[PDB]
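Sequence order for the protein chains is X and L.
Under our numbering, think of the first position of the first sequence as 1, with each following residue one higher.
Under our numbering, think of the first position of the second sequence as 101, with each following residue one higher.
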Amino acid sequence: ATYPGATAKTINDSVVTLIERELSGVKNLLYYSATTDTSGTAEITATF
Amino acid sequence: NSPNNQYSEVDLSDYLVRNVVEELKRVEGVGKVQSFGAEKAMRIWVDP
């Protein structure tokens, strides 16, 4: 998920939490992670 | 609920949306959480 310019706090509180609220309860979800960096980009990796 | 009436219904709904609904949705097996109560918001009641 891209959101240009915006620092990691914004991506973390406005984008990642939203997507993570739906990632749960997915079939065979082993574990899940989400990293937001300073490039205005968040990588949410759902590992099955 | 608020038995001592220390918090109006709006405060309860706000707390529920901001600090409960997300962590309820973050439970495995929860498909949807419909919040019967809206988050707080700055209302501007204009006077035409």
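Beta carbons are placed, not taken as given, at the ideal position from N, Cα and C, and that holds for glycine.
Candidates L:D114, L:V130 and L:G131: closest to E139 (chain L) by CA position: Closest by alpha carbon: L:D114.
CA-to-CA distance, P103 (chain L) to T10 (chain X), given in whole angstroms: Answer to the nearest angstrom: the Cα atoms are 36 Å apart.
Once DSSP output is grouped into helix, strand and coil, what is the label at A42 (chain X)? DSSP, reduced to helix, strand and coil, places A42 (chain X) within a strand of the structure shown.
Identify the contact partners of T17 (chain X) in chain L, using a Cβ-Cβ distance below 7 Å as the criterion. Per Cβ cutoff of 7 Å: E122.
Hey, is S24 (chain X)'s beta-carbon within less than 8 Å of any beta-carbon in chain L? The beta-carbon of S24 (chain X) is placed less than 8 Å from the nearest beta-carbon of chain L.
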